[PDB]
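Protein sequence lines, in the order shown, are assigned to chains B and f. Quick note, the first sequence lines up with residues 188 to 292, 302 to 371, 379 to 430 if you use PDB author numbering. Quick note, the second sequence lines up with residues 70 to 103, 118 to 146, 163 to 193, 207 to 289, 297 to 382, 387 to 489, 493 to 699, 714 to 728, 739 to 754, 773 to 804 if you use PDB author numbering. We put the beta carbon where it would ideally sit given N, CA and C, even for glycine. Comments concern the structure below.
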Amino acid sequence: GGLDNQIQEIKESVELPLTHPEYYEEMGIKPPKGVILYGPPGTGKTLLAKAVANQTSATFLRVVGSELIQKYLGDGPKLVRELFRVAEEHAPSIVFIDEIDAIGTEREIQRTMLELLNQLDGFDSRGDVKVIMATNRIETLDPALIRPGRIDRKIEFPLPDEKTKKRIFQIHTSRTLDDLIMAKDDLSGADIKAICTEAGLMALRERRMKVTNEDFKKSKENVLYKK
Amino acid sequence: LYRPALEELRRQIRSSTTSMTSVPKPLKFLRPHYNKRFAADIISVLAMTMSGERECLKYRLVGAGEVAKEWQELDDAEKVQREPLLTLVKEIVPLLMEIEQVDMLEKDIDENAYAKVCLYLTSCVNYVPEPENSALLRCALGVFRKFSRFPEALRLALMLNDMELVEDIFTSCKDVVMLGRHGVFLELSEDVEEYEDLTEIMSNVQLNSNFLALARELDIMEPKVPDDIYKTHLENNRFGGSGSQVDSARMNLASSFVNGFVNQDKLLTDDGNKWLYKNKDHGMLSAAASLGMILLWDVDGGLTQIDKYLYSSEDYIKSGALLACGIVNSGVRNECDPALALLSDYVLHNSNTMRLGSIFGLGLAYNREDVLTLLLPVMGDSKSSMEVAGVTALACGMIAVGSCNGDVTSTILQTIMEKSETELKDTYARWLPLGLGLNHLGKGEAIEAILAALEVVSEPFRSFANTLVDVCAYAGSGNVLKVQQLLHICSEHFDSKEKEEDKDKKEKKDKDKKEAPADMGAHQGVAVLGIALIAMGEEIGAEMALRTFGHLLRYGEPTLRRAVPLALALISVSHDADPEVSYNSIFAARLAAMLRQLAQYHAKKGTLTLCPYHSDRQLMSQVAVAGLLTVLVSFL
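The following block contains the structure:
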């Protein structure tokens with residue numbers, strides 16, 4: 188809600204390959220770099236909702252975090268080369284990487309991430325697949341990732357904490380604002396879609412959609428106490 | 070003295086703990102006498132399960164008046180309780209349903225109609241047998257005739273195929289006056312029988328001639344063509360590109376399909396000359412009928428456009444021009460005589476290919495007896511050309527679709543006796559069951575499958591004809607005996623009755639698509655993979671279908687690699717060009743190239777759409793069939 192310009196700009200951004208073939212093969216752009224995203228809220232659903240436009244008509248691939256690397260001996264970039272060869276044999280796909288927080292949870305991360313940086317640039321392969329990287333804090337990445345990695349476009353997602361919460365909260369009350384624009388510290392599409400989906404199914408349960416402030420603070424207390 | 074109290078207590082405890090038959094006896098012997120919680124319980128749930136097991140045990144045991168009086172007591176009692184879709188569907192299995213519906217359908221129209229007719233129509237075509245579905249059609253003709261929402265009664269005319277329904281809906285829909300739309304799907308919904316009976320009683324009077332103007336080939340197309348030219352804007356890079364990368368005299372045939380398939388721009392149609400002269404004879408027929416397939420309107424313009432190719436110096440030009448005259452129209456019937464007169468040659472003449480295009484095109488334009499008496503020397507000629515009896519059997523078959531319980535007349539008896547006359551060129555024994563089964567179409571209780579099982583049973587040729595009669599004899603009902611019989615005979619040694627008899631899956635369970643995905647792909651016979659590929663069909667194309675096209679797409683046999691893009695582009699009308721790019725990655739023979747360009751251009773229970781693909785099921789032959797494969801009418 189409200190982030191329509193950024194989602195249509197990232198829509199046109201991620202909708203160049205596999206679509207509009209009359210100019211993609213005649214002009215000759217073919218960028219083998221992809222985009223790199225991030226967000227202070229994160230939670231995977233905002234960035235997954237920004238890069239989710241590729242999932243309409245395509246084959247999706249998801250690799251979240253380097254946890255599968257740190258849970259084993261120093262194998263290093265061999266699994267990255269396995270994803271590179273299976274991505275070469277599976278060119279019509281999208282390489283989506285999310286939650287790059289290896290330091291937010302040391303010298304080896306810099307060298308396997310430097311090898312991932314060099315191999316990610318496509319020094320030995322032309323335009324074959326799109327690579328999308330996503331993290332939470334942009335300050336956690338090393339400065340070596342600036343020139344090779346971020347070459348196409350980066351997004352500046354602002355955290356208002358008093359505008360988007362008022363918009364979405366106004367959408368919920370459309371069917379006492381400082382308590383929820385001040386108490387909450389993170390939002391995404393899965394919250395409005397979650398409590399609105401189960402709110403519609405519950406409205407199918409009791410056949411009325413009346414929402415009282417005490418029942419809404421109880422349903423909020425369920426999610427607050429759940430975490 | 071007060072024995073109903075002891076009987077009510079006895080049935081109350083026996084119904085309280087456990088019982089299957091002893092519960093309704095104190096009630097049928099009690100003669101019950103003398118909005119609350121107690122009444123809603125002892126009526127709703129105790130009379131629901133009580134009358135459910137008594138009406139079930141009496142419906143399955145004997146086959163009185165007590166069950167009728169108690170069943171009507173539950174009818175009115177549930178009319179007071181007003182809980183639908185449970186007591187109704189429970190009281191379906193015990207006509208009783210007719211007087212029940214007309215006894216209940218007074219106030220609730222959309223609840224019982226939408227809910228009861230929706231879930232009871234789906235469960236009625238799924239599980240309920242036909243002799244009760246006819247009661248659904250007649251009682252639904254009653255309660256829907258007295259109520260609103262005419263188009264569902266028009267569906268009752270699609271299933272009943274009766275003329276009193278369309279007459280009553282024409283005077284009741286005419287008394288209260297959109298118009299061109301219900302004319303469009305009014306002519307699309309009606310079959311060959313009820314539009315000729317409709318056009319004969321209405322061509323008799325119609326009292327205003329307006330539905331006569333509508334129920335022709337003028338008002339189903341007069342809104343379409345100008346709107347299809349105006350509201351749609353197609354680019355020319357497809358006619359120029361797909362019309363530019365053609366060569367090898369077969370990709371140019373794929374370009375004859377590019378010209379043939381229309382549905387705005389007409390540049391590739393009139394792109395100079397020599398496009399038909401450089402092509403072959405089969406491409407002369409296909410390209411000669413393409414100008415007829417692009418002009419299904421403007422009779423005055425179609426005549427002055429196709430007239431140039433009439434009686435030309437080449438035989439296939441004028442024969443394909445008569446085929447074009449048969450494709451452009453279906454209600455003009457003014458081009459019959461010039462082609463019909465010269466047909467009597469009997470050995471070898473231009474009027475044999477003009478018999479192909481003219482009998483086929485006239486079959487597309489059409493219990494007609496004069497054209498069949500003229501087709502008597504055609505069936506008696508028995509020319510070596512397969513397409514003579516091809517378009518003849520398909521012609522009379524498409525004329526005889528939707529008959530009243532079929533017929534065993536001397537038409538199909540004559541083509542069966544002359545079929546068994548000479549057992550040569552088995553393709554005749556393959557395309558004659560086309561017209562046979564098309565004549566079998568429209569039956570509800572015909573024993574013609576058993577009659578063919580008595581007379582037709584012979585060597586596996588007419589046994590393949592017999593199992594084709596079994597294919598067209600099982601359009602769909604509650605007949606799970608044909609599902610276990612299907613699994614039983616599915617393992618036959620004959621490698622064609624599996625293909626067709628198992629190919630019937632796309633027609634038998636065409637409505638309930640949840641059961642259509644089966645383990646046919648997990649087998650090892652290429653023919654079975656073809657049975658699944660044909661079983662895909664032409665529906666909305668969910669992700670499971672394309673999931674099957676992922677494994678079925680990559681195959682080495684040219685019959686399946688050629689057959690996969692047709693169903694791939696028919697089941698999906714950014715998934716249009718990406719699978720075609722996959723075909724470009726697989727291929728980059740001639741047939742796969744012509745068919746992949748076909749899909750490149752055309753990628754972007774009605775008998776008219778379910779008939780013209782069983783002839784496409786025999787594409788694994790010479791290019792002679794390709795001259796008739798391009799003029800299919802299943803394209804909307």
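Could you check if residue i is buried or exposed, using at least 16 other CB atoms within 10 Å of its CB as the buried criterion?
i, result
"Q195 of chain B", "exposed"
"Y71 of chain f", "exposed"
"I348 of chain f", "exposed"
"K217 of chain B", "exposed"
"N241 of chain B", "buried"
"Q610 of chain f", "exposed"
"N565 of chain f", "buried"
"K545 of chain f", "buried"
"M477 of chain f", "buried"
"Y751 of chain f", "buried"
"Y103 of chain f", "exposed"
"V145 of chain f", "exposed"
"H619 of chain f", "exposed"
In the DSSP assignment, what residue or residues form a beta bridge with residue i?
i, result
"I334 of chain B", "According to DSSP, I334 of chain B bridges with nothing at all."
"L224 of chain B", "B:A330"
"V282 of chain B", "B:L248, B:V327"
"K350 of chain B", "B:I223"
Nearest to residue i by alpha carbon, out of the options?
i, options, result
"residue 763 of chain f", "f:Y103, f:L333, f:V324, f:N329", "In the model shown, chain f runs from 754 to 773 with nothing in between, leaving residue 763 of chain f without coordinates."
"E585 of chain f", "f:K608, f:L550, f:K441", "f:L550"
"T186 of chain f", "f:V128, f:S714, f:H566, f:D338", "f:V128"
"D388 of chain B", "B:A406, B:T360, B:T369", "B:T360"
"residue 432 of chain B", "B:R343, B:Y210, B:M412", "Chain B is shown from 188 up to 430; residue 432 of chain B falls before or after that span and cannot be answered."
"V325 of chain B", "B:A340, B:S280, B:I334, B:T331", "B:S280"
"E424 of chain B", "B:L407, B:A406, B:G403, B:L383", "B:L383"
"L184 of chain f", "f:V166, f:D174, f:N224", "f:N224"
"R556 of chain f", "f:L694, f:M216, f:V595, f:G774", "f:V595"
"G135 of chain f", "f:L372, f:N118, f:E169", "f:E169"
"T246 of chain B", "B:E254, B:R272, B:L224, B:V282", "B:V282"
"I660 of chain f", "f:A792, f:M744, f:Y781, f:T593", "f:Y781"
"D388 of chain f", "f:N356, f:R369, f:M216, f:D628", "f:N356"
"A671 of chain f", "f:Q650, f:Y239, f:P719, f:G651", "f:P719"
"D468 of chain f", "f:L326, f:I440, f:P503", "f:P503"
"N416 of chain B", "B:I395, B:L427, B:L380, B:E401", "B:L380"
"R746 of chain f", "f:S361, f:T132, f:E319", "f:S361"
"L692 of chain f", "f:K754, f:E669, f:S714", "f:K754"
Are residue i and residue j touching if we call contact CB-CB under 7 Å?
i, j, result
"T392 of chain f", "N402 of chain f", "no"
"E309 of chain f", "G528 of chain f", "no"
"residue 812 of chain f", "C459 of chain f", "Summary: the structure shown does not reach residue 812 of chain f, with chain f confined to residues 70 through 804, and so no result is reported for it."
"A247 of chain f", "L268 of chain f", "no"
"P264 of chain B", "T230 of chain B", "no"
"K220 of chain B", "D418 of chain B", "no"
"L408 of chain f", "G795 of chain f", "yes"
"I126 of chain f", "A176 of chain f", "yes"
"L741 of chain f", "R785 of chain f", "no"
"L446 of chain f", "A488 of chain f", "no"
"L485 of chain f", "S474 of chain f", "no"
"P93 of chain f", "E138 of chain f", "no"
"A572 of chain f", "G602 of chain f", "no"
"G392 of chain B", "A236 of chain B", "yes"
"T535 of chain f", "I482 of chain f", "no"
"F262 of chain f", "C285 of chain f", "yes"
"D316 of chain f", "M275 of chain f", "yes"
So does residue i have its beta carbon nearer than 6 Å to some heavy atom of the ligand HEM?
i, result
"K429 of chain B", "The ligand HEM is not among the ligands present in this structure, which contains no ligands whatsoever."
> At what residue ranges does the stretch 225 to 265 of chain B contain a whole run of the alpha helix (DSSP H), taking only runs of 4 or more?
Replying inline: Counting only runs of 4 or more, we get 232 to 237, 254 to 257.
> Residue ranges of each alpha helix (DSSP H) run of no fewer than 4 residues wholly in the stretch 300 to 345 of chain f, ordered along the chain?
Replying inline: For the stretch 300 to 345 of chain f, whole alpha helix (DSSP H) runs of length 4 or above, ordered along the chain, are 311 to 321, 329 to 333.
> Can you list, in chain order, the stretches of the alpha helix (DSSP H) that have 4 or more residues and sit fully within the stretch 524 to 565 of chain f?
Replying inline: Runs of the alpha helix (DSSP H) inside the stretch 524 to 565 of chain f: 536 to 543.
> Hey, which unbroken runs of the alpha helix (DSSP H) at 4 residues or more fall wholly within the stretch 656 to 685 of chain f?
Replying inline: If only complete runs of 4 or more residues are kept, the stretch 656 to 685 of chain f shows the alpha helix (DSSP H) at 669 to 679, in order along the chain.
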